[PDB]
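All remarks here apply to the structure that follows.
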Amino acid sequence: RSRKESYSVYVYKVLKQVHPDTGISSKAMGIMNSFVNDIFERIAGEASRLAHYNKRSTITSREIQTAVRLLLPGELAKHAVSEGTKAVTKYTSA
Amino acid sequence: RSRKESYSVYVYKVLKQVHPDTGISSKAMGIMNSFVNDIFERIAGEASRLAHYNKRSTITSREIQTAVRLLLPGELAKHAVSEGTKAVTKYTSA
Amino acid sequence: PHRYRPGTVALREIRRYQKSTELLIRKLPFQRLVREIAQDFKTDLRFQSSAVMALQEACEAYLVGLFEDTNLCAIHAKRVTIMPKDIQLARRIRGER
Amino acid sequence: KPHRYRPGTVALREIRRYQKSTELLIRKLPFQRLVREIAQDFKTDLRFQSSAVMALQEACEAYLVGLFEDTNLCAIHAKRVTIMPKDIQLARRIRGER
Amino acid sequence: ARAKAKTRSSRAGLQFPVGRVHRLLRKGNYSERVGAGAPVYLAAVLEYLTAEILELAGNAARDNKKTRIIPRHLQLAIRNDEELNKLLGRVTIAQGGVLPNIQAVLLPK
Amino acid sequence: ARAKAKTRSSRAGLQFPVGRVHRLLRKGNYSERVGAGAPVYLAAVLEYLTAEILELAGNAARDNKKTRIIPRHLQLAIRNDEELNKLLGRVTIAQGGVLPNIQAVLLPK
Amino acid sequence: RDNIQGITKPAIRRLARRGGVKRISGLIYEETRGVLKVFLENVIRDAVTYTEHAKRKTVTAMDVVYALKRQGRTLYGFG
Amino acid sequence: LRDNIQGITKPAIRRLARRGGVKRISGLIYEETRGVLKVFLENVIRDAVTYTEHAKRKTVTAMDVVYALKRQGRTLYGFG
DNA sequence: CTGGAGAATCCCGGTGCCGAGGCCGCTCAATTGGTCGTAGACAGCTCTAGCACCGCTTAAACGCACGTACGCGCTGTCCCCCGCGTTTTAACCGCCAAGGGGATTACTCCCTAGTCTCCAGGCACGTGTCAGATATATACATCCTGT
DNA sequence: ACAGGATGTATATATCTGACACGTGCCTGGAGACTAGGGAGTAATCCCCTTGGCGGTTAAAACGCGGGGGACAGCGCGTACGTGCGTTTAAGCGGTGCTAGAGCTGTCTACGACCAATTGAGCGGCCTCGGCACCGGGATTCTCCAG
């Protein structure tokens, strides 16, 4: 009766802000769980090396800006930094 | 005047046990330093995931037997496990 | 009697199987292959049903990706017929052989 | 009498010549002007170490020599001996670069 | 008698969790310590990339006149967009199939 | 007045250091804790792989009648052995060159 | 043995149809089932050495998925 | 700086092709190899500069190049 | 095909120059010897789900045949690339010299780990209905012989 | 090019099933407030290394002229693979039952982090001489034109 975590609550909230009259399968939700887990460990895996290369011990948001610019291609990295700095700016104001 | 570490002391000891009348360049020692650093982070990087997949927190020699069997190919993995268990057996006896 | 000229059933099958998502290898003769490729590493292994279907989604994605690469080798040599020259070239360029 | 080798034979002796050596085949000064020309698209007034340009040097010939090995087997497969720019486009698409 | 507990995902206006991502960074063996803005930055990047796919996968579902996204529509969304195809070029999607393209030499004329 | 300090590489009969490899595991962000036999196992695997290359690179140097191993002999050692070529198939060695092979169609007859 | 023959001539031929293949020479059907078994011998021997490391006797679905990811062939839909 | 891609001259691409065992070379191979190499340098320098300004220094070091090649799957030995 | 010519690589041997190897302080990171708490081992138990079986349906593989379009070889023509000589260009070398910025050592402050407590967000579990799969019959579009 | 027939394929309606979407109740992971220790930011300094410049040498690049080998279009011949029909062949289903092993819980014990005082291994600098790089020279191999 163990409790196992996923992102299926949060994917279904983002879907209703983009297509509010569209659903998803169970097999397509298990792929969107595999997507979020994969992109998490790419960015956290690259930010772990950026902190290690510069002999730091803290992963800040600045090691995640650089890991986004390394991993995400082209214009897809340009909107993801805009979406990232805006969330940090709103977080420190509240 | 900072002190930086390499493996150049230890590579030059292994060379004199294999070819005792053979030397090495400086540029070929900087490649053997790049080799040891690379194979270290492949094995320690794979053993870090084996401990994480099984929800362990300790990297033992058993997570390094499995990371050798995953990474090293064919017969090259078969002699490296023989060289590994023999060093652990000699270590616990002394 | 009626007769399609050779090359017209082959194109509607390319249109057919690029529209579907099914597994094209039969299920049971693929389970018997997995259970004997795995019997020379350990005897009496067991498999989950989602562990064999994970192997079949990967082997069919590997071969369909190989036949796209092997088709560009036959068009490059001014042919349209695949032949194992083309497979052995695409295996070499991707660093598999 | 003016002496000439047949077309092909000094081509083979300088396949043997450069497969035996380790020298860097691109001239060093025009490659260093190229690296600094490309790098201005990302930051202005950058500086380079000497060994950072020589690391980009070593990487680019190893990419090209490895590519000219793959594009040669695409030309022999098409039953010819001359590599044409359709053969580079095949080798760079099977590997997954294009 | 302190204050009502506000989630850190609502301080930044996000839907992906900040508190869960902060735990997974700190228990995932990435560094000795984790900054406070680091899960806020990472949960916004993860939310943008899922919003980018579900927008394209939702379009492919209405072009096939369906209201549920099946894994076919995720395959068609990723392999048609040029930036998601390069982010996910080494990734197999199960029950996704391929994209229909016949080489033009094979078409009869 | 305790005892003379013995290195852990001499308890196992190794040349690669056990104490340095133990620090690099424990400060390299791989796990929460590191077993005591884990650097002993890893420093023996690293010692075998360098002994395997320097045996083959030392052979290529005496076949070229030299007594110093230059990076050409490391390239010839790795790309001729079939197991080291697959371990190091995505690795460029600087000043290593290639191996001499002409395709047999190109040779004249 | 005799189980590699179960991947039949029409099963290989319709995998070739999804890849876009127009016509197949008859010496491909003994070629690809040799290419297939080399692929499975690399994925399974990493899958079953995850089961030995976890001291299991069954091959779970995650052991195939972790074995595929380290060959650069990551799979979405099984965990 | 401008017009530096023709510093990679016609006999330099030819000497690179002959280390790869190429016997005969078409004349249109040269304009693509200027473009194939320029795409490759625009991906390594793009990552190497990204490692520099993360560390806040104006000098692209050799370790930044080795790191930028390693994350493209083309590990280079000999520079650290 | 069968030999002299001529070009190129090769083996030799001698002279200089510097990079490897081996040395000597000395600093600091590995070692030794205890101690403390918790990770992982081992046992027991639950109950999921993997293996094995039989039977009936029928979809799919198999085998055979026929003929057509493709692979492959042969041939011929043009023009593109290779080899080589002459002239032009700039890479290469060594040296000179300023100064930008990397690489330290201090110093402080503020950010993050750690802790206890409170509590709501998210997981497991039910539960009903609507998306959709399947059937059945159309019109429609498309391939193909004969024209 | 062109028209009719025939065989697949899209369109539309009808029906059932089961999987998604939702609600509910509980638990544990997240948030609140707080405290204290060290990471990193900031400032100052030092000197390594990078940029810039200049002139002499000569190698390598650019240009250009023959001309010959190879790309490539065209042709014809004969296998060999595609289409289709009839006949085996087991895959797929579904239903039933057994139980091996995954998973969980709850012990406790040995193992590893942590600390501190100590010392020797490894690192940086400092020299020396031998490997080796290169220049000169004669000899072997090898390509190619005429015989």
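Residues are referred to by chain and number: the chain letter is A, B, ... according to the order shown in the structure tokens, the number counts from 1 in that chain, and ligands are numbered separately from 1 in the order shown.
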At a cut-off of 9 Å, which residues of chain C touch chain J? Count only C-alpha atoms (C1' of nucleotides) and give the answer as a list in words. residues 2, 3, 4, 5, 6, 7, 9, 10, 26, 27, 28 and 29 of chain C
Give me a file of those residues, with N, CA, C and O atoms, as a tab-separated table (two decimals), in the first residue's frame.
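Once written, again_27.tsv looks like this:
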```tsv
chain	number	residue	atom	x	y	z
C	2	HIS	N	-8.18	-10.10	-62.54
C	2	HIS	CA	-7.63	-8.79	-62.19
C	2	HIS	C	-6.26	-8.95	-61.55
C	2	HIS	O	-5.97	-9.95	-60.89
C	3	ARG	N	-5.41	-7.94	-61.75
C	3	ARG	CA	-4.01	-8.05	-61.35
C	3	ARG	C	-3.41	-6.66	-61.18
C	3	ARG	O	-3.46	-5.84	-62.10
C	4	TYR	N	-2.83	-6.42	-60.01
C	4	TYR	CA	-2.05	-5.23	-59.74
C	4	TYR	C	-0.64	-5.40	-60.27
C	4	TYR	O	-0.03	-6.46	-60.11
C	5	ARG	N	-0.11	-4.36	-60.89
C	5	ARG	CA	1.25	-4.44	-61.39
C	5	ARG	C	2.22	-4.25	-60.23
C	5	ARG	O	1.92	-3.52	-59.28
C	6	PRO	N	3.40	-4.93	-60.26
C	6	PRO	CA	4.25	-4.98	-59.06
C	6	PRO	C	4.86	-3.66	-58.63
C	6	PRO	O	5.68	-3.07	-59.34
C	7	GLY	N	4.44	-3.19	-57.46
C	7	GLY	CA	4.88	-1.91	-56.95
C	7	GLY	C	3.74	-1.09	-56.40
C	7	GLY	O	3.96	-0.02	-55.83
C	9	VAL	N	0.89	-2.69	-54.57
C	9	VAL	CA	0.53	-3.20	-53.25
C	9	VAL	C	1.61	-2.82	-52.25
C	9	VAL	O	1.32	-2.54	-51.09
C	10	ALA	N	2.86	-2.75	-52.70
C	10	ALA	CA	3.97	-2.40	-51.82
C	10	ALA	C	3.88	-0.97	-51.35
C	10	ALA	O	4.28	-0.68	-50.22
C	26	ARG	N	4.87	-10.86	-34.16
C	26	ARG	CA	3.90	-11.56	-33.34
C	26	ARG	C	4.41	-11.67	-31.91
C	26	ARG	O	5.61	-11.67	-31.65
C	27	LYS	N	3.48	-11.77	-30.96
C	27	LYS	CA	3.82	-11.63	-29.55
C	27	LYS	C	4.53	-12.87	-29.02
C	27	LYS	O	5.60	-12.77	-28.42
C	28	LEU	N	3.95	-14.04	-29.24
C	28	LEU	CA	4.47	-15.30	-28.71
C	28	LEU	C	5.78	-15.79	-29.31
C	28	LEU	O	6.62	-16.28	-28.54
C	29	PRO	N	6.05	-15.72	-30.62
C	29	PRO	CA	7.40	-16.09	-31.07
C	29	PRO	C	8.47	-15.06	-30.74
C	29	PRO	O	9.65	-15.36	-30.90
```
Could the residues of chain J within 12 Å of chain F, counting only C-alpha atoms (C1' of nucleotides), be given as a count of residues only, please? 13
Set out as a Markdown table a contact list for chain A and chain I with a cut-off of 12 Å, giving each residue of chain A that qualifies its closest atom pair and distance in Å to one decimal, counting only C-alpha atoms (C1' of nucleotides), ordered by chain and rising residue number.
```
| residue | atom | partner | partner_atom | distance |
| --- | --- | --- | --- | --- |
| A:1 | CA | I:124 | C1' | 8.1 |
| A:2 | CA | I:124 | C1' | 9.2 |
| A:3 | CA | I:123 | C1' | 6.2 |
| A:4 | CA | I:123 | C1' | 7.5 |
| A:5 | CA | I:123 | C1' | 7.8 |
| A:6 | CA | I:123 | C1' | 9.6 |
| A:7 | CA | I:122 | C1' | 10.4 |
| A:8 | CA | I:122 | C1' | 10.3 |
| A:9 | CA | I:122 | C1' | 7.9 |
| A:10 | CA | I:122 | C1' | 10.3 |
| A:22 | CA | I:131 | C1' | 11.1 |
| A:23 | CA | I:131 | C1' | 9.9 |
| A:24 | CA | I:131 | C1' | 11.2 |
| A:25 | CA | I:131 | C1' | 11.1 |
| A:57 | CA | I:112 | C1' | 11.5 |
| A:58 | CA | I:112 | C1' | 9.3 |
| A:59 | CA | I:112 | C1' | 11.3 |
| A:60 | CA | I:112 | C1' | 11.2 |
```
Take the residues just selected and output them with C-alpha atoms as an mmCIF file, in the first residue's frame.
```cif
data_model
loop_
_atom_site.group_PDB
_atom_site.id
_atom_site.type_symbol
_atom_site.label_atom_id
_atom_site.label_comp_id
_atom_site.auth_asym_id
_atom_site.auth_seq_id
_atom_site.Cartn_x
_atom_site.Cartn_y
_atom_site.Cartn_z
ATOM 1 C CA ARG A 1 0.000 0.000 0.000
ATOM 2 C CA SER A 2 3.050 2.198 -0.561
ATOM 3 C CA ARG A 3 2.527 5.738 -1.907
ATOM 4 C CA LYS A 4 4.388 6.385 -5.177
ATOM 5 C CA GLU A 5 4.807 9.850 -6.690
ATOM 6 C CA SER A 6 4.337 11.048 -10.252
ATOM 7 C CA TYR A 7 3.765 14.304 -12.118
ATOM 8 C CA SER A 8 0.317 13.287 -13.355
ATOM 9 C CA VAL A 9 -1.461 15.851 -11.185
ATOM 10 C CA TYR A 10 0.641 18.696 -12.557
ATOM 11 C CA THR A 22 -8.954 17.972 -24.288
ATOM 12 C CA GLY A 23 -8.096 14.865 -22.293
ATOM 13 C CA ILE A 24 -5.220 12.424 -22.167
ATOM 14 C CA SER A 25 -4.803 8.655 -22.064
ATOM 15 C CA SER A 57 29.119 23.486 -3.617
ATOM 16 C CA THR A 58 25.776 25.233 -4.191
ATOM 17 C CA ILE A 59 23.451 24.753 -7.138
ATOM 18 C CA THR A 60 21.809 28.134 -7.553
#
```
If you run DSSP on the backbone, which residues of chain G are helix (DSSP H, G or I), as a PyMOL selection string? chain G and resi 4-6+9-18+29-53+61-69
Distance table requested - chain H against chain I, cut-off 9 Å, only C-alpha atoms (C1' of nucleotides): one row per qualifying residue with the closest atom pair and its distance in Å to one decimal, ordered by chain and rising residue number, as CSV.
```
residue,atom,partner,partner_atom,distance
H:24,CA,I:81,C1',8.0
H:25,CA,I:81,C1',7.7
H:26,CA,I:81,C1',7.2
H:27,CA,I:81,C1',7.7
H:57,CA,I:102,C1',7.9
H:58,CA,I:101,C1',7.7
H:59,CA,I:101,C1',8.4
```
Surrounding residues of segment 7-14 of chain G excluding itself and chain neighbours under 3 positions, 9 Å, only C-alpha atoms (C1' of nucleotides), as a list in words: residues 13, 14, 17, 24, 25, 26, 29, 30, 33 and 63 of chain C; 3, 4, 17, 18, 19, 21, 23, 24, 28, 29, 32 and 33 of chain G; 61 of chain I
Which chain A residues have any atom within 12 Å of an atom of chain B, and for each, what is the nearest pair of atoms with distance in Å to one decimal, counting only C-alpha atoms, rows sorted by chain and number, as a tab-separated table?
```
residue	atom	partner	partner_atom	distance
A:41	CA	B:49	CA	11.6
A:45	CA	B:45	CA	10.8
A:49	CA	B:41	CA	11.6
```
